[PDB]
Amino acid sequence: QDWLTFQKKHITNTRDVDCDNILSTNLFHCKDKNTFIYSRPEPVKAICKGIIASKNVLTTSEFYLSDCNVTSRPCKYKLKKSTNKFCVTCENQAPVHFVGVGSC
């Protein structure tokens, strides 16, 4: 919804995200999938520099991604690591929602 929340929901400081612990918290409520971007915050904020009105943007560079995808057991996930571009909603020069991997 905003840049503080986007960092908490979609940026990770570790590539090997502990999906079963983090996606069990209220922020994620055992949802089926959540993609995290392995980077310190500023290079991710920079994707949106200059973009004021809300607009979805496909990154121009590929980033390390860590995806938590639910298994057949609720709230237990398999982590998949990949490198790809992704689409975010940029608003007032910061990412505020994660749209999807690979395309807008």
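The first residue of the sequence shown is number 1, and the count goes up from there.
Here 48-56 and 26-34 are compared by their mean Cα B-factor, and 26-34 comes out higher.
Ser39: CA B factor lies in the middle third for its chain, per the PDB record.
Remark: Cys75 belongs to the highest third of its chain, ranked by C-alpha B-factor as recorded. In the PDB entry, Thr89 places in the lowest third of its chain by CA B-factor. The entry lists a Cα temperature factor for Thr14 that places it in the highest third of the chain's modelled residues.
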